[PDB]
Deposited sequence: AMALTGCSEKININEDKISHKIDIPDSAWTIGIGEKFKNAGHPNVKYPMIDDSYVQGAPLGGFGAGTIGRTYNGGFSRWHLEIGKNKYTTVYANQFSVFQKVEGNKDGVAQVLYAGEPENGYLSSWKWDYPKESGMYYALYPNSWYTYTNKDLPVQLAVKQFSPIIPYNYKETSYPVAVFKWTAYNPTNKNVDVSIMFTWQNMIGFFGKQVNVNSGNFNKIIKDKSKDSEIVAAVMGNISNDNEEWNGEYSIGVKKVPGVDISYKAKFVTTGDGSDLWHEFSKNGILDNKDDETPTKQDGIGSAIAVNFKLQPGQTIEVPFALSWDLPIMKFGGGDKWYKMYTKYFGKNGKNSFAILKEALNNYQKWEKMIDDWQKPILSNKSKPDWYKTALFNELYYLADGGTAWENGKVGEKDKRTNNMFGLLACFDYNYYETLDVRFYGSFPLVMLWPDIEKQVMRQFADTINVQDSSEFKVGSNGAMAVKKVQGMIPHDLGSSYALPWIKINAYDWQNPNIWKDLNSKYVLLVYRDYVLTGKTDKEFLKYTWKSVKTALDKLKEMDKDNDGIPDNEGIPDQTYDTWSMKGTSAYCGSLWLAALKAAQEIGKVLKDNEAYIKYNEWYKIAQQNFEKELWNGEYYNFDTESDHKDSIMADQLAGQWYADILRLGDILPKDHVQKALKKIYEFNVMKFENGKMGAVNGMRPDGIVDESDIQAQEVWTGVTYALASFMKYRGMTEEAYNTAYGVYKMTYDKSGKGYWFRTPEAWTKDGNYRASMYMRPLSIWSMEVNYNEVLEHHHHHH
C-alpha cells in the first residue's frame, strides 16, 4: 500500500478489507419477520430528505433508500467503477470491475467481475468514505474518497441528492502506465414507483459543458415523459476534466444484455466510443458510461473528480400524499435538473471537503479522546440520512414558511419521529441542525390538542382504543405507508394516549432545545408553552393515589413497550420530576408566575414522594408495585440525566445518583458478559438478568450511550467510556456482530439483534454536550 500516503484518511475511520467475509454476524432474535440485509453495508450517499444510496464496502450500490421510508437491498450490477491499466511496452492491458462479487444471472457477463480479496481496503468516517486498490495486477495504485456535503448548520447543500467521487492515482513503478477509470450507471427511472412498463421511454443524453478552465462531461438518464410523478426524474453521472486526462463516454449500453457493447471498448484500451444515442428504450434496461484516460509516469500522482446526482423531486407515501423534496428549493421541481446538481458538485467539491473537515476537526484533533469513540460518534450519524428521512418543500398541487421534517424510528417499525425514541435519538439534530430540531418540536406542539375519536385495535391485547386524545402527545407523526405529518399515531402495538413518558419527554425536549441553542430562543418557548402546560396538566390526572406522580398501570405504558411498570416507576417518575422543573424554568423565562408556582408545588410533593417510595439505600427501585420492583434498571434515572443536560440541578441527591450509577455499572454493565456489550436493561439485585420480559434482557444501544453520557457528566469517566465501548465493539469491531451502518435498537446476550437501522443510538451525541 503506497496510495494511503497520497490521501488523508483519519486514523479513526472504520476499516474493512474489500471482499472480506465476516464470520460472526448477528441475526434477528424475534419470531416475526424482521429485516436482515447482511453485514455487506457502507456509509450512505445522499443528503437529508434526498433519498439515500448505500454503497457497500465491496463496491456495490446495494442499499436503496430512494423511495422515502422504504429499505430495498439489491445490488444494481451495472452501477460500478472499473479500471483499465496497460504498462508501456506490453501488448495488452487488464480491465477489472471494482466490485468484490459478480451478478447472479448472465447480464453483464462480459465484464471482469470478482475483484480479488486482500487487494484493497474500505474506510469510513461519515460523511466520508474511501476505497483503496492495492492489487498485484494493477501497477498503478488507486484510491477514491466519496461523500455527500453533510454539513452542520447548513440546510442547503445538506439536502442535495448528490455524491462526489474524488479519485487519486499514483504510479510507484519504474514504467509508464496507461490508466482509465470508468463510471457506469443504469438508467434507474422505473426502479420504483412505476406499476407497469418499467423501462419504457427511458433515454440517455450526453451534456458537454465547456467554458474556460472547466470542461464537464455528463450523462443524463431520464425518460421522455414530462409527467410529474414519484417515479419520474433524472440520474446523472459525470466527470470534470483536469490537466493530463482525456474524457470518453458511451451514452447507451444495454444493462439487460451481456454488456460487451461497452466492455469490448473499455477492455481494449480504456477508451469509449463517444457514441451519443438518445433513442428511448422499450423493454431493455439501459445505462451510460463516463471514463477518463491518462498516462502516469513513474512517481506521478493525478486527482480526478466524478459525481453522481439524482433528481427525483416527488416523494409519495402509501396513503396517497405526494410532496416535493427539500432540495427542490435550490434546483427546481420539474425533475429535469440532474445536470445542474452534478455541475454544482463538480465545481464546488473542494470547498465541501474543507467544510466537512472544519466540522470534524474539533473532535478529531482532541487527543484526549480515543479513536474508537470518534469512529462511533461520526459513523452513527449515517442514520440522519439513512433513516427514511423526509423533508418537504410543498405538497404536490397545493406555499408555507416551514419545511416539515421526519426521521423514522426504524424500517421494521415504520413510524416518523417516535417521540419516546427521539428523546434519545435527536441529539445530533439539536447540536448540529437545530433549525430542523425546532421545526420537529413545533410539529409536536401543533398536535397536542388534536382529537381523533376513531378507534383502532391495540396490538398487545386486542382492545379498541381512541386514536388520539386531546392533550396527549402522540407517539409518532405517521408512517411512510400511510400519511406522514397528516395522520399521527400510526403505532398501534400499545395505546400511546395512556403512556406516562411521552408528555414529560415532550416538555424535556422543548426545554433541551432552548438550553442547547444558547437560552436565547424565547419565541420557541412562547410557541410551545401552551402545549407544555397542557401536557403536564393531563399527565397529573393519571396520578391515581394522590402521591403527586402519575401511576404506571401494570402494562407497558412507555417506551419499553413490552416491559410492564406499575405504580411509581423510577423511569417515568424521574422524567416527571425533571419535566416539572423544566416547566418551572420556562414559567420564569416567560413571566408566567402562576405556572411557576403550580409546577413548583407539584415538584416538591412528587420529589419527596419519589425519594420515599423508591430509594433503597443503594439505587432506585424499578417501581413500587411490580413483581420485580427491586430490579436495577439501567435507565432508572433518565430524568436526572436530562436535568444535567438542561442545567436544572439536583432533582435527586448527588450522593444517591452517584450510588445508583455505580450500581448500574457494577451490575447491568459488568455482570453482563463481562461489560463488553453495553448495559442490560434489567438486573436483579442477586446479579442475574431480570427475566420478567425480553426487554429487561436486552441491551438498548441508545439507552447505553445515553447512560455513558450521564456517567461522563457525573465524573465517572472510566465507567462512561467502558460502558459505551461495548456498544462500539458489538457494532464495529471484528469481535462484534457486524452491525456497522445498521446499528440496532437492541441485542440479547448472544449478540443477536432487534430492529436494525435504529434512531435511538444517535444518542451517542449526548456524550458531546
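Residues 1-15, 414-415, 787-799 of the deposited sequence, counted from 1, carry no C-alpha coordinates in the model.
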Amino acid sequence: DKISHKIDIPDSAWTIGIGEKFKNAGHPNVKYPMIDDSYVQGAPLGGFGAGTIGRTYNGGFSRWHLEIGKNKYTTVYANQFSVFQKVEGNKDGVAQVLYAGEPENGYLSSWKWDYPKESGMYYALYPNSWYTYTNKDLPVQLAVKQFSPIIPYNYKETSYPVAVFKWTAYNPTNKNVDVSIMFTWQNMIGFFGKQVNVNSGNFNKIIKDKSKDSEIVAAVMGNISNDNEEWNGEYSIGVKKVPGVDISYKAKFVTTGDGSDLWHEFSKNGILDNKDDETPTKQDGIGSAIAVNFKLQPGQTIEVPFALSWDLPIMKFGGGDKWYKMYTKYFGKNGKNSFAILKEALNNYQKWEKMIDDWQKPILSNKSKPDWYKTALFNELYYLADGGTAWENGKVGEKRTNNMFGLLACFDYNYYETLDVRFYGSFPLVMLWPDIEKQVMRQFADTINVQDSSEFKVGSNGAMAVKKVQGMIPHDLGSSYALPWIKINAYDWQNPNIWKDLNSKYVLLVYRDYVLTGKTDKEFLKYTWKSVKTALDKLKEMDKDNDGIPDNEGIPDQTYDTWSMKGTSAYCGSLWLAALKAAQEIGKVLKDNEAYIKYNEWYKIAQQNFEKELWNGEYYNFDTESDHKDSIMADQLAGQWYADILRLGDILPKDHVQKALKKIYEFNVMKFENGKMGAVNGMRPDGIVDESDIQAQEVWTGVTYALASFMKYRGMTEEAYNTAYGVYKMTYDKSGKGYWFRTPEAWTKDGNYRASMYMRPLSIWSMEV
From here on, numbers count along this sequence of modelled residues.
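Of the two segments examined, 565-573 and 127-135, it is 565-573 that shows the higher average Cα temperature factor in the deposited entry. Legend: mean Cα B-factor per stretch from the PDB entry, 683-691 versus 576-584; the higher mean is in 683-691. Reading the B-factor column for the CA atoms of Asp311, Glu455, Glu353, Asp446 in the entry, the top value corresponds to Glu455. Note on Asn228, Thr168, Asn489, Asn202: the highest value goes to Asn228, judged by CA B factor as recorded. In the PDB entry, a CA B factor belonging to the lowest third of its chain's modelled residues is recorded for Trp185. Ranked against the other modelled residues of its chain, the C-alpha B-factor of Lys316 as given in the entry falls in the middle third. Among all modelled residues in its chain, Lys252 ranks in the middle third by Cα B-factor. Sorting the modelled residues of the chain by their CA temperature factor places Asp420 in the lowest third. The PDB entry assigns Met767 a C-alpha temperature factor belonging to the middle third of its chain's modelled residues.
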